[PDB]
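Chemist: If you scroll down you'll find the structure; I have some questions about it.
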Amino acid sequence: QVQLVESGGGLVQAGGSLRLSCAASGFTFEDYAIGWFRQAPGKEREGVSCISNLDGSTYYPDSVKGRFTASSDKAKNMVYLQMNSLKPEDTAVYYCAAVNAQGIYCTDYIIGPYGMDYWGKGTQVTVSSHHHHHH
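Quick note, in the numbering used here, the sequence shown goes up one by one and the last residue is 592.
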């Protein structure tokens with residue numbers, strides 16, 4: 458059985474950082490590309506990062522490029538998404554997904570209309586101008 462488990466979500470002050478992790482199991486990690494996606498209520502799901510465990514290629518849309526960085530640790534079958542300089546509009550459920558990486562390299566198409574093979578259940582990220590009001 459395949460599982461993708463996201464963790465690292467939370468509620469953070471605007472300008473702050475989070476690090477999401479995607480724990481993968483049940484498939485040959487190095488043969489796949491892992492994408493991070495997000496969906497906020499009222500919007501369509503969108504790709505925020507791609508990393509290929511096969512060729513090391515990465516892709517980020519302009520909305521997050523420079524702020525978010527994906528990395529892969531094959532010893533743990535984990536992919537991370539370091540998110541810096543978070544903005545309120547980055548609030549969303551974040552999902553990780555996997556797709557066979559043979560014959561592809563990371564682009565907007567891979568994390569867009571191409572489709573993924575496996576999906577995680579998602580982790581909530583909330584970015585607040587007044588985080589102190591919630592804890």
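Beta carbons are placed, not taken as given, at the ideal position from N, Cα and C, and that holds for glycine.
So is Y537 buried or exposed if we call it buried at 16+ other beta carbons inside 10 Å?
Modeler: buried
Chemist: Given that a residue counts as buried once 16 or more other Cβ atoms are within 10 Å of its Cβ, and exposed if not, what is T548?
Modeler: buried
Chemist: Taking the alpha carbon of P545 as the reference point, which residue from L461, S474, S464, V459 has its own alpha carbon closest?
Modeler: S474
Chemist: Taking a contact to mean a Cβ-Cβ separation below 8 Å, would you say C479 touches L468 in this structure?
Modeler: no
Chemist: What does the alpha-carbon distance come out to for the pair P518 and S506?
Modeler: 7 Å
Chemist: Alpha carbon to alpha carbon, how far is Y516 from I561? Give it in angstroms, no decimals.
Modeler: 12 Å
Chemist: Beta carbon of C563: closer than 7 Å to some heavy atom of the ligand MN?
Modeler: This structure does not include the ligand MN; it has no bound ligands of any sort.
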